[PDB]
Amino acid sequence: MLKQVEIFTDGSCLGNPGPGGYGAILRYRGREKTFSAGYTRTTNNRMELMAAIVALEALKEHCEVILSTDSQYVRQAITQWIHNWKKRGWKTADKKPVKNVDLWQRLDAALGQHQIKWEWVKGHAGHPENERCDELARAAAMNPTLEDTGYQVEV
């Protein structure tokens, strides 16, 4: 039995927008859950954020999570932006809503219930669980069954 919740996420997209997917692996309680789905039209950044959201929301009590992703998009926002995004009320310098604000808020709500430790691996030097992730991310994109609502060529 693992003392720490462990999450592995990945996201993929064939275009901009194009069919995309995500694969997340959750090591919770004594089980190992596997999430995966593809969306008909979307972006790689929305697929990479979806990975984490869908995984953190499977957790039904306050945990100590360790998250592993090679996503630079998430890294950058967690490391240099998000802090600033709350204080300003989720707005850009030109007073418009940040890109993917719908998912950043959704994720901010999920990150909120837990003790979160981030692990930024390099796309080519991670665990096999990151590889199984990319793999699912890929397969998903090759067969979309859902629609990414909050997607906008826009805002």
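Each residue number is its position in the shown sequence, starting from 1.
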Worksheet item: Looking at the deposited entry, does 98 to 106 or 85 to 93 carry the larger mean Cα B-factor?
Response: 85 to 93
Practice prompt. Would you mind comparing 136 to 144 and 5 to 13 for me and telling me which has the higher average C-alpha temperature factor in the entry?
Written response: 136 to 144
Fill in: Residue selected from 127, 41, 46, 114 by maximal Cα B factor
127
Practice prompt. Report the third (lowest, middle or highest) to which the CA temperature factor of residue 63 belongs, ranking only the modelled residues of the same chain.
Written response: middle
Item to complete: Taking the values exactly as deposited, rank residue 121 by C-alpha B-factor within its chain and report the matching third: lowest, middle or highest.
Response: highest
